[PDB]
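All heavy atoms count here, side chains included; hydrogens, waters and symmetry mates do not. Within every chain, numbering begins at 1; the chains are lettered A, B, ... in the order of the sequence lines, protein sequences first and strands thereafter.
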Protein chains: 10
Amino acid sequence: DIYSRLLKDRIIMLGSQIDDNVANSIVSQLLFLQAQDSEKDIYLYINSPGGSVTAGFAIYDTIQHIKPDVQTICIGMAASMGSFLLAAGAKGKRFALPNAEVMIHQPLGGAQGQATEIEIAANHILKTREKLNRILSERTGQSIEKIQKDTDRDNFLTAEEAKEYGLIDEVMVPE
Amino acid sequence: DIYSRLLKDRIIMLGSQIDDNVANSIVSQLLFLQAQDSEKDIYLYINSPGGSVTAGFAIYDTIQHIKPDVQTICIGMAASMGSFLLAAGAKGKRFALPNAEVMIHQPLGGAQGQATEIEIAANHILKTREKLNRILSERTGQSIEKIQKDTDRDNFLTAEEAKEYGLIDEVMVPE
Amino acid sequence: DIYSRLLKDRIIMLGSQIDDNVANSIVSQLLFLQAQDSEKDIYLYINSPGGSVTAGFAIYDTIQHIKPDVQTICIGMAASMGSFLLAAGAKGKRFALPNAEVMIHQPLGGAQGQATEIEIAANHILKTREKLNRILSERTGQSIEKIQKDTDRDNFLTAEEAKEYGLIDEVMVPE
Amino acid sequence: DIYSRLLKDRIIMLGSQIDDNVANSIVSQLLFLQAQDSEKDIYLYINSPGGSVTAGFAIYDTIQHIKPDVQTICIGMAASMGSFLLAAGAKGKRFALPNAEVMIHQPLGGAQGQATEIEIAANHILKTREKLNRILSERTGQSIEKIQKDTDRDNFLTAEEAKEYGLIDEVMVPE
Amino acid sequence: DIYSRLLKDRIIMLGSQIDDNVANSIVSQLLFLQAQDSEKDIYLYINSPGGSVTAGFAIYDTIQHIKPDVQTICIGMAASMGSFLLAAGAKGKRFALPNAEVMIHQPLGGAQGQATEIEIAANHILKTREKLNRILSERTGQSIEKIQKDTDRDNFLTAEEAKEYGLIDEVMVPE
Amino acid sequence: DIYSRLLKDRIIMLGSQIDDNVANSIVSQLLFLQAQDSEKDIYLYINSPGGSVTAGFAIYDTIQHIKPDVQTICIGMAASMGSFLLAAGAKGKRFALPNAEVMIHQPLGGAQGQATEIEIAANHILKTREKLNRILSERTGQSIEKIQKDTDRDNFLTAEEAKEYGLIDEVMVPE
Amino acid sequence: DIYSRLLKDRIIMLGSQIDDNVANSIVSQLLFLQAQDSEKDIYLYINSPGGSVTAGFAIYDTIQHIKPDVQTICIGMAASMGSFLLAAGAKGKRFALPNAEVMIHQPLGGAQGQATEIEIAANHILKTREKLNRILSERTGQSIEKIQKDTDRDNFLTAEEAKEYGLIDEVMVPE
Amino acid sequence: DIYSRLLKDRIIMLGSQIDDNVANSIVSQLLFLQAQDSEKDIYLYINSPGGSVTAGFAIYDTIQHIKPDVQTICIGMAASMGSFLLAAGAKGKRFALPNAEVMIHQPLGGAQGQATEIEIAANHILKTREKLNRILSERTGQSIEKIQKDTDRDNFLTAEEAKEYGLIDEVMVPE
Amino acid sequence: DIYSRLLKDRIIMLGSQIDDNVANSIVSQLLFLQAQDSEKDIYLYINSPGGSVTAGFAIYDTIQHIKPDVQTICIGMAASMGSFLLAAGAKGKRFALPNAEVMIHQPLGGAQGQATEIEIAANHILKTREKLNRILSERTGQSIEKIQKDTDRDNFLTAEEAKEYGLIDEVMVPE
Amino acid sequence: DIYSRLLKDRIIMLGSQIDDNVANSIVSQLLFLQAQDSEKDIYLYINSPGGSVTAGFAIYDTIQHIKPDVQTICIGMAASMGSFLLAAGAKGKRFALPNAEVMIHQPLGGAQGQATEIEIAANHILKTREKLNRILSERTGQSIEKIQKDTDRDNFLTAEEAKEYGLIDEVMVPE
Ligand SMILES: CC(C)C[C@@H](NC(=O)[C@H](Cc1ccccc1)NC(=O)c1cnccn1)B(O)O
Ligand SMILES: CC(C)C[C@@H](NC(=O)[C@H](Cc1ccccc1)NC(=O)c1cnccn1)B(O)O
Ligand SMILES: CC(C)C[C@@H](NC(=O)[C@H](Cc1ccccc1)NC(=O)c1cnccn1)B(O)O
Ligand SMILES: CC(C)C[C@@H](NC(=O)[C@H](Cc1ccccc1)NC(=O)c1cnccn1)B(O)O
Ligand SMILES: CC(C)C[C@@H](NC(=O)[C@H](Cc1ccccc1)NC(=O)c1cnccn1)B(O)O
Ligand SMILES: CC(C)C[C@@H](NC(=O)[C@H](Cc1ccccc1)NC(=O)c1cnccn1)B(O)O
Ligand SMILES: CC(C)C[C@@H](NC(=O)[C@H](Cc1ccccc1)NC(=O)c1cnccn1)B(O)O
Ligand SMILES: CC(C)C[C@@H](NC(=O)[C@H](Cc1ccccc1)NC(=O)c1cnccn1)B(O)O
Ligand SMILES: CC(C)C[C@@H](NC(=O)[C@H](Cc1ccccc1)NC(=O)c1cnccn1)B(O)O
Ligand SMILES: CC(C)C[C@@H](NC(=O)[C@H](Cc1ccccc1)NC(=O)c1cnccn1)B(O)O
């Protein structure tokens, strides 16, 4: 299988929606790569429309925890939790290809039941948003109040705009 | 039709779920009965599992607004917005048959979408619960804190317990 | 319509499963009949497999509340809440045809959700069973503990067994 | 409507599956006809594939109970509970048109649940079959054990065979 | 039918979602009422969650065009196009009952297909929003800029808040 | 019924999608109104999203073919065949309410099967478009070239724009 | 397989809902790892929304039974039965990554059928909640009264709050 | 695969509902293990909600027939036929983990068709229940009369209660 | 597998709809091929109906971003994003077989929700179309306005027409 | 796998409907076979009901473009695009088994949407039919005018008739 080959070059492809299955695969790949060698870089290609917040945080925390630097490279599109993980790469080693698109927006969810259950769910998603904003602020240098306003609705960015936003460090030019 | 002849005796049957169709029928019947005679009493029989809050308030406010006293008679069951409307009858003229059951609980709803929209919906239903608690406190004489605690979960009441609670004035004995 | 003609003779047909629609129709027919004449007997024919408890209690309490005697006549079958309403007729005026079947059993229901919600639902249905047992004991003369054992599972009775049970007073012979 | 003009000639058409709705319609038509005149004959045309045992007994017991003779005339087909009601007409006044088919067979049913519940359901339907076999033996002049043997499976009979069997008295010839 | 005799009191009930069927019914009632008498007032009760913009404008333009004053009375809820029609009543004669809910928000829609067809749909709905904002500014005295910001998301208003906003003129007290 | 009342005033409401049922109803109403009086005007109110071309042409040809002038009044919306019929009213007597919308676009259809079957269906719809374009050109005073270009995609028009275009003669102002 | 290589390092990934299939896989992995070496530690990564109580106890009891210490590491989320198993790791060796979320709440279930069946199911789930509360009390040091109040509704905890609660021993810092 | 290496340690995992597929897998594992060695023990782990009686007896009879002792160890849950197989292990060698649950109840089934087919099915399931009771009485030392009463409804047992009942010999402690 | 033997000749088959899975496979194969040899040509056979813009740009940017020349050979059909990638091959090395079809058209999409959300989606797809038009203008030597007009609707091109258009350099002759 | 073994003898079996997956498999097998040896003959067995035109042309153009002669052998049936590929084998090496059936007919498709879109699709399928007719004229020696008339509807041919027609060169006799 072709991805088996790429893993020998320490390359991980995140090329789908992020659910728990995908997150456990990515996490296990990071841990496996760290075991083989704990100082050579890892390369995480990202072509993802987003997905679950907790699954995304499973990958995020693993990236920060392991010893090797994790380079992130957006090809095609990094939207929602995909752009959050793009910004999570080793600073100075976060890239996008020239025609890649990046999109940021606020979390989405749902809640049903009694008034108290809806209040619990609303409080949980607002806390989850404040937590995502605070971390994105630390990864980009944007202020939390600006993240909050810029993610009120869907916010599409070119690769160059993503760099000026601080989500990546360089647009990768050919070749 | 049987209900049309009962209407000539100024009797209205609320015997179903409360949605907008039912609420409009009940409201129009109260209006029509007030026009025919504005001082003879009206009798509202209630056998209802509850329904929409705004459809319920359409009936509640029409009862409060018109001239005639509206007697409320719970037969079978008055649950949720049903029991709220039972408590809304003219004071001294709120009844339940001996084996009727009354149930009270907090509102239920749902919300989907972005975090800010879920927060808007959560705030709306909590505000709605506060409004219902306040009115029920006025109709029963119980405190708002007691209502709030007693409606945290489904709360089933006998006709006698509903009288002790202040939801009704008397249990109707034969004949 | 044929049932309209029978209502002229103060005859009500209960020939279906008992839900809120059926109960409100039956209740309105009883009240309409009492208005026309409050001393002439009413005849309630019962061919019913049962239905909702609260809908059944809407009919029960109305029968006990109005002035006229309500005679009950089982044709075909009175099961579950149907036999409960059969036993509710004016004492001495509860009948069944010779090949009618009567069936008694304990209530059924369902509950889903949190442990506390299931606890609340279980407590409500056990309270509802104790109430049904107590009233059936008063209508039949059977002890509450015998009702409890006899309704543990489905209990089919001939018309003659139903009379010796106290659910009816006489088996109607031709003509 | 055509059937109500026929009711003025004391003609009742049973022309469908026998459920509770149909049984209550037929029963009410018999009582109504007896009320208008309690001596003049009633004519019950039967074209039915059968139906519910209890619904059929509602019609059967009403036929035996009223004062007027009830003639039964099979047109097209009287199967299962249909043929039971065909045999139920006033003796000497049970007919079939020359090309009508009569079918008899044993009761069918179903049972789901615990072993004790399946035993209760089996006993009930076996008792039901014995009661039907006994009545048909009285109405036809055949032995119970012959009825049992001849209904073990679907048993189709011509009009002439139904007369030979005792289910009807005469085959109706033109004119 | 109850709504028929209410119409003789010049009362119209808008108690459902607004589609073309409902709109054509309301419009024909307004025309019919003007034909019988063209100076006596008309009373339009509103309990509606909203609906189609063009259906709503059929009712709006008819209200403005006919000669009689059209009073608007919100019972239960006036949301979206329902609250737009509430504010369309004759000034000084727009009411809400004390527990009625009013909600305002921006239009919603959908678009599918080629880029140029999506552009056509976006331009059409933004033009529609500008037209709604401008009319609501005229009916309420609020500025278009405030309407735009206040309708960005769902905005729930009590009867008292709707009066302060200018959507209604008075909250209707008993009796 | 309310529409029967309006038809005595020679008012016809076209308030739905135009299919064959609707067309036959409108056509029969026009024929019936012409028979009652062949000189007094007829008023066709239009709130329609369009529909079938042949159903539309049934109404169109009938309007052209009856002696009385047929006034057309767009309320809410006249799109597609709806706006074609709006433009078909007696010149000088075509109206729209101030907030009515008008939309024009080319016909739509489908074709499946062999190549020669698809070619036949393509030629039939192109000939249909050319006929519709020519007739609309004559009703509006526009060139066929301009109609063709302006209906290539969905084209939304305000009431004032529709008057400028020649689809209506006057915007109806209040009173 | 990537999970196969991690099993070489005595790492087990519980990254899904807990049903019987998953529980048997986790149990067999623990058994297999103990047989290979009964004194080297085992590492249980948890990213789970929870699941079946009995499947959870199959894993819990196997963890307690075997010789090796079992470290638990919450990545992403440990909700419900997932957080119960997180607290079950060897004391001193229960961890969570800094942005992992932990949630605790009371059990859920369902019951259908006769009143006595519903009572049996209610008693079972309440007994199951008492058992879980008691064990969690032992694992965290919190009182059973506190657990019972804190799990009445969904209760979301940060990694730091989970440490304060006693569900984990340390938050894992990089690197 | 993990279960293969466990089979080398003579471990069999019964961790699912028991149907014919599972039974044939378990049976072939028992025979395969006997062929390799006919005197060393076999270990059957049981986490099962139950299943088919005949599939269960395929496993039961195979366990009794082969030479090696089969230890049974309930993890998580042994319900219905699962608890029957738990009690089927070699006496002295039947265990449950401390938080395992055990449930016993009477068989369930269904029957549809003619009265004689229902009677056949009823007799077959009653015979099956007598056979299960007699074997369980032998495995546990309890009387058949007590088994019959204790299995009338669902009967949940802790590991300790199962030992007292005789279903297991010991609750296995760590480690 | 046949495609892996072709990969050793540096042949990549793009023979399906272009989604993220396909894009990541193609990207992985380009990277892998560049790693084995960074100067020898790569051959990308294209038989595709098109697909996702972002997935297509993942392949496009990878093609421009590797050192080796990528020849593109259209077999069967290159439509939509398929034809975009066909034009993306190394200039002078873009081919089509004599009977391959090439189709170009403008992007398609959808948008649902509030007016502001629809405007965001419309602007994003219009910007996407502009970006695609500019690149195709550079790759084909046609003007932006000609690309815009020629893609307003589906535009089918033979292999020879595709060469005249600049989408390919040569039509590949036999053999 | 059996088809792998036959590829050793340079045998490719086209035995299914022709879509893009199948076409890419066949194309890749031809290229792979040409790589191993570019002068040994290839044998393509055809048993196909047809399929996509563009997928068929992918196979056709590859057959003409490789160096080796491709023999075509129809077994069972070559219908529609299947017979087109049969006629495409190296002249003198196109065969059919004596009972194989051959069928030719004109292309089929479908179109939906605006009139201009149906015209585009009609023109495209007509152009495709003309290209198919011209190539088959060249492969068979029949005139385009004869192909056009013979493919108006389904035209079934025996192996012998296919030889007379020019679709094949010889009917294969045993052995
Ligand atoms: C940066 C952030 C915007 C990324 C993703 N956003 C989300 O909102 C996801 C959407 C979702 C996915 C599957 C199932 C339901 C919901 N929401 C949650 O995981 C969540 C978290 N905490 C509480 C409630 N929900 B993105 O891909 O859009
Ligand atoms: C508690 C009692 C006094 C009244 C009723 N309780 C409710 O929860 C209803 C239930 C509902 C069901 C289906 C669809 C919608 C609503 N909730 C609302 O109307 C509502 C209002 N505002 C915000 C959110 N929800 B009862 O009678 O059922
Ligand atoms: C004498 C009595 C045995 C009669 C009826 N028995 C019942 O169990 C009904 C059945 C039912 C039917 C449809 C949907 C749900 C339940 N149960 C309730 O109404 C109920 C349940 N829980 C709490 C309060 N009430 B019988 O006639 O079916
Ligand atoms: C003389 C007699 C043979 C006539 C009818 N026979 C039946 O079996 C009916 C069929 C049926 C229809 C609807 C729903 C269930 C069953 N059975 C019962 O009504 C029944 C069953 N079990 C216990 C009590 N009653 B016939 O018309 O076929
Ligand atoms: C702001 C408030 C006055 C709006 C009310 N209606 C809407 O937003 C509707 C929603 C809808 C209803 C039926 C069918 C489709 C869509 N949208 C349109 O009608 C529409 C959309 N795009 C262009 C033009 N019009 B309210 O009830 O929400
Ligand atoms: C353009 C405008 C003046 C009128 C309407 N346009 C249409 O295309 C309708 C839509 C349709 C309805 C039912 C079934 C299929 C299609 N098309 C036809 O009736 C038709 C199509 N092909 C040949 C002949 N007739 B409008 O409402 O959009
Ligand atoms: C850890 C605990 C606080 C909640 C966890 N599980 C539950 O509540 C489950 C929900 C469920 C899932 C699948 C199938 C059935 C039920 N309930 C039961 O297993 C159960 C046990 N005994 C009696 C009744 N129910 B958690 O992970 O949600
Ligand atoms: C007491 C306890 C040991 C019962 C176990 N099984 C059953 O009761 C099953 C339920 C069932 C399962 C699959 C298909 C159909 C029915 N019933 C039968 O197998 C059966 C056999 N013969 C006659 C009638 N029924 B337990 O494990 O659930
Ligand atoms: C490049 C041009 C020749 C058209 C090609 N692709 C498209 O139009 C796709 C269609 C699609 C289908 C399913 C899911 C998503 C998109 N549209 C987009 O990707 C898109 C989405 N949002 C904004 C901008 N673009 B071609 O292959 O049809
Ligand atoms: C040999 C030839 C005369 C007929 C063969 N195929 C066709 O006619 C297919 C039918 C079809 C199959 C799959 C999907 C869509 C349509 N049509 C096209 O491929 C097509 C052509 N031109 C424009 C658009 N589509 B045969 O095998 O039937």
Side-chain angles (χ1 to χ4, degrees), chain E residues 24 27-28 30-32 34-35 38 58 61-62 65-67, chain F residues 2-16 18 22-48 50-51 53-98 100-102 104 131-132 134-142 147 157 159-175:
Chain E
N24 302 325
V27 160
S28 50
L30 291 158
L31 292 184
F32 164 74
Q34 193 196 213
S38 59
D61 277 351
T62 304
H65 184 265
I66 65 165
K67 160 85 176 219
Chain F
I2 202 54
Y3 301 106
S4 323
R5 173 46 142 89
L6 264 44
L7 193 61
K8 300 155 172 124
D9 308 326
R10 291 173 89 68
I11 294 173
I12 304 168
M13 316 280 309
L14 170 52
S16 63
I18 305 148
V22 168
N24 300 325
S25 179
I26 305 281
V27 161
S28 50
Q29 284 177 76
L30 292 155
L31 296 190
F32 163 79
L33 282 189
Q34 190 197 211
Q36 278 198 334
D37 191 317
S38 55
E39 331 186 89
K40 310 189 57 108
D41 280 10
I42 298 170
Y43 304 86
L44 178 63
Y45 289 78
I46 300 179
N47 183 22
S48 171
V53 167
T54 57
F57 263 124
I59 301 172
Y60 178 89
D61 276 352
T62 303
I63 281 163
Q64 316 293 281
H65 183 273
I66 59 157
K67 249 153 188 220
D69 273 12
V70 176
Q71 306 205 20
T72 57
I73 301 129
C74 176
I75 69 184
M77 184 250 310
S80 198
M81 182 60 44
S83 58
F84 187 80
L85 295 179
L86 177 66
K91 293 195 173 185
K93 293 169 179 195
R94 293 166 303 167
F95 304 102
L97 283 182
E101 288 160 41
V102 183
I104 53 175
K131 178 219 278 176
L132 285 160
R134 160 182 63 87
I135 291 174
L136 190 61
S137 96
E138 290 160 356
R139 311 296 314 163
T140 60
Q142 308 285 357
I147 305 283
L157 279 71
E160 183 57 37
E161 287 166 345
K163 167 173 171 173
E164 273 157 41
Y165 206 87
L167 294 153
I168 59 176
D169 305 301
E170 300 296 339
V171 177
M172 252 168 84
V173 293
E175 285 236 338

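- Rounded to the nearest 0.5 Å, atoms OG1 (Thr62(F)) and CG (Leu30(F)) are 6.5 Å apart.
- Using cut-offs of 30° and 60° for the angle between ring planes, the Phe84(F) and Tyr60(F) rings count as tilted.
- In plain terms, the two heavy atoms of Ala96(F) and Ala100(F) that are nearest each other are CB-CB, 4.2 Å.
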Please report the C-alpha distance between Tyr165(F) and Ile104(F) in whole Å, then the side-chain angles of each, then the deciding distance to 0.1 Å, and finally whether the side-chain contact (heavy atoms from CB on, under 4.5 Å) criterion is met.
CA-CA 11 Å; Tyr165(F) 206 87; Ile104(F) 53 175; 4.2 Å; yes
Run the side-chain contact (heavy atoms from CB on, under 4.5 Å) check on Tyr45(F) and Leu6(F) step by step: do they pass?
CA-CA 11 Å; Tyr45(F) 289 78; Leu6(F) 264 44; over 6 Å; no
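- Residues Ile42(F) and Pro68(F) come closest through the heavy atom pair CD1-CG, 3.7 Å.
- Here the straight-line distance linking atom CG of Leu136(F) with atom CD of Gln142(F) works out to 8.5 Å at 0.5 Å rounding.
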For the pair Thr72(F) and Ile168(F), evaluate side-chain contact (heavy atoms from CB on, under 4.5 Å) and give the outcome as yes or no after the intermediate values.
CA-CA 9 Å; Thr72(F) 57; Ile168(F) 59 176; 6.0 Å; no
Is there a side-chain contact (heavy atoms from CB on, under 4.5 Å) between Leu85(F) and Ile18(F) once you walk through the steps?
CA-CA 11 Å; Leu85(F) 295 179; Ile18(F) 305 148; 4.1 Å; yes
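- Counting heavy atoms from C-beta outward, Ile59(F) and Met81(F) have side chains that stay 4.5 Å or more apart.
- Contact record, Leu33(F) with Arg10(F): O-NH1, 3.0 Å, taken as the closest heavy-atom pair.
- Atom-to-atom distance recorded for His65(E):NE2 and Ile73(F):CD1 is 8.5 Å, nearest 0.5 angstrom.
- Partners of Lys163(F) by side chain to side chain donor-acceptor pair (under 3.5 Å), not counting sequence neighbours, listed by chain and number: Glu170(F).
- Of the inter-residue distances, the one linking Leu132(F) atom CG with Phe57(F) atom CZ reads 4.5 Å to the nearest 0.5 angstrom.
- For the pair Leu14(F) and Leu44(F), the minimum side-chain heavy-atom distance is below 4.5 Å.
- In this structure, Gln34(F) and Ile66(F) approach most closely via the heavy-atom pair OE1-CA, 3.4 Å.
- Counting only residues at least two apart or on different chains, the side-chain hydrogen bond (donor to acceptor under 3.5 Å, both in side chains) pairs with a member in residues 75-92 of chain F are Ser80(F)-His105(F).
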